[PDB]
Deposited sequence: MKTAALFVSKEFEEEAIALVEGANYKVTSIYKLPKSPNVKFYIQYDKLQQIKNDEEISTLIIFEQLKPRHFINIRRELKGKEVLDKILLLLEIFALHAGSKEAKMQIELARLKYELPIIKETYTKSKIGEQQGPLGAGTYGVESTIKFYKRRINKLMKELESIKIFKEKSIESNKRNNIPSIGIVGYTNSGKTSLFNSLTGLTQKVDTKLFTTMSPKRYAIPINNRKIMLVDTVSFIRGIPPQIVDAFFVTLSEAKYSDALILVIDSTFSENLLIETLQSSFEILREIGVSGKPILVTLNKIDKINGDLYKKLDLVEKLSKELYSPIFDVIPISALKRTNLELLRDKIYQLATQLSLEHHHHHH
C-alpha cells in the first residue's frame, strides 16, 4: 500500500505508528523530532529533499502541530507527495471510521478550518463495535477476527454472520480544534448492538484500573447504555508475570462500573491465544441479541 515517513518523539512513537498504520499507511522510515525545529520547513532541508526524491515514499507524516508557514513551504517542495501533521492525520483517520453525516461533516468542517489559514497565507446482522485505547491492541484483534483495510467487516460464525465495526480508538490529549469531530465519530459506537472493550493488560495495577475506569467513563459520555459489553483483557502474552491478579481485577471491577457486562475473557490478538474461545463468546452474544426482542 501507500508508504510514509514518520517524524515523532520516542514517547509518542508507539502511538504514532499505531495511528499512522491505522490510516492505512506503511511506515518505512522513522525519525525523531528536530531539537530546534527548522524555521523554514520544520525539518532539515536536506532531509526534505531526500524524502522528496524517494519514490518509495508517498506521504510525509510529522507527529506535531505544524504552522501554516511550514505547510506552504513543504507542500511547494513535495510537488505531489502529501504532508500530514498530527491534526490532519487524526482528521484523516476519523474520516475512515465516520459513517454518519454529522461525523463526516464535523471532520470536513474542522479540516477546512485548518486549511483556510494555510491557503490565506499563500437476514439479521448484529453490529459489534470494537472499542478501546490505541495501545489496547484493538486493531490487531479486529484483524484476527476478520482474517486480514475496511473499518467494517462481516464474519461467519457457525450459522450466524456478525458485523464487526472497528471504531475509532480512544485518544488522550486531543487537539481542541478537532474535539467535536472526534466526539461525533466516536459517538457512532452508540449505534452498535453490542461492544468489545479491549483492555491493555501491560499496565500496572493502578494504571490498569485507570484505563478500565476511563474506558467506561468515555463510553458513558458518548451515550452508551444498556448495550452488552464483552471485555477482553488483551496483551496477555506480554504480561510475563501474574495474569489472575489483573484478570480478577478487571472482571471484578467491570461489573461494578457498567451493566450489562456479557463476559470478561483474556486474549492475545497477535499470538491468537484464546481467540477460538472468543469466537464462541461472540456467537453466544449474537444469539442473545436476536432473542432479546423475540416472542
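Absence of C-alpha coordinates is noted for several segments of the deposited sequence, namely 123-176, 203-214, 362-364.
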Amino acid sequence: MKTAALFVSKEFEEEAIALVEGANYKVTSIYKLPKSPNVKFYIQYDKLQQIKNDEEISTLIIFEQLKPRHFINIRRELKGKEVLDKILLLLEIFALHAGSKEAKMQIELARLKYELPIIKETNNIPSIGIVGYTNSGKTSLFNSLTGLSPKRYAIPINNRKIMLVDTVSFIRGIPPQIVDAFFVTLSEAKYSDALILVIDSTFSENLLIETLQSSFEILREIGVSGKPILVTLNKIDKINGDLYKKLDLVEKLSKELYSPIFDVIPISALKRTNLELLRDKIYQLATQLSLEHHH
From here on, numbers count along this sequence of modelled residues.
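Of the two segments, 76-84 and 186-194, the one listed with the higher mean B-factor is 76-84 (C-alpha atoms only).
Just going by the entry, 202-210 versus 216-224 on mean CA temperature factor gives the higher value to 202-210.
Out of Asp263, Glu64, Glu56, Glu256, the entry records its largest CA B-factor for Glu56. Highest C-alpha temperature factor among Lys104, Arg160, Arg111, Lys138, as the PDB entry reports it: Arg160. Remark: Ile118 belongs to the middle third of its chain, ranked by C-alpha B-factor as recorded.
Per the deposited record, the Cα B-factor of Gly132 falls in the lowest third when ranked against the other modelled residues of its chain. The PDB entry assigns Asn24 a C-alpha temperature factor belonging to the lowest third of its chain's modelled residues.
Among the modelled residues of its chain, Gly173 has a C-alpha B-factor that falls in the highest third, as given in the PDB entry.
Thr146: CA B factor lies in the middle third for its chain, per the PDB record.
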